């Protein structure tokens, strides 16, 4: 490889007729491009540019001007390949079920690729460069990622009115003597509309996001087992790169998470 500051400097001094303008185009200095050029000529055993101003290419430097040109033509179309911008994001289920959807209001002008994943899989999607960022419970930066705290999600204990009197008071004896809902005397019932439907059906008691368990408790369809609550910090982790798109989304997500508890 012979690239690449020395080439752009060569094309510059050749296309614009001067060392000054070259500088002007590369945000460098007249003397800084001069020796930038003399290097390149050194390592090819000939003189590429002719000092006389306006300075055009010497015959033996044409191919290198051609190189600079086709190189640059390639780079362009490459950058294109990699219209609507695609952003792939990972989110944990309770977040998609709860606060994350706000983000959709800010994002109708791009093309989302949303994945519902847990801590471990989010991390993989990050590392493997398929997910640009993840809502996750992991606090330690994933390789190549920056970590933004989002606050905490709060979970309550819940069952139905009937499930209470069946398993009196919270007879703290009925620890396992009570049937319990879960995700992955315990029934496993994913989604959200059924993990909810299970509990509503006096089928068990479970940990529900406060925000989800909100309405039914007011309806009276739900009752709190007890006044214990568990608090899980969420984090936005994304690629530690400076990019307008990464920043936009980090910002949208942080704002859709405003109503979470203080971390």
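Residue numbers count along the first chain shown, from 1.
Counting the unmodelled positions of the deposited sequence between residue 82 and residue 83 gives a gap of 4 to 9 residues. Counting the unmodelled positions of the deposited sequence between residue 184 and residue 185 gives a long gap of 10 or more residues.
The mean C-alpha temperature factor is higher for 29 to 37 when 203 to 211 and 29 to 37 are set side by side. As listed in the deposited structure, the average C-alpha B-factor of 9 to 17 and of 251 to 259 is greater for 9 to 17. The residue among 99, 155, 163, 104 whose C-alpha atom has the highest B-factor in the PDB entry is 163. When the modelled residues of the chain are ordered by their C-alpha B factor, residue 55 lands in the highest third. Ranked by C-alpha B-factor against the other modelled residues of its chain, residue 246 falls in the lowest third. Ranked by C-alpha B-factor against the other modelled residues of its chain, residue 190 falls in the middle third. For residue 167, the recorded CA B-factor ranks within the highest third of the chain. Only modelled residues enter the ranking. Annotation for residue 196: C-alpha temperature factor in the middle third relative to the rest of the modelled chain, per the entry.
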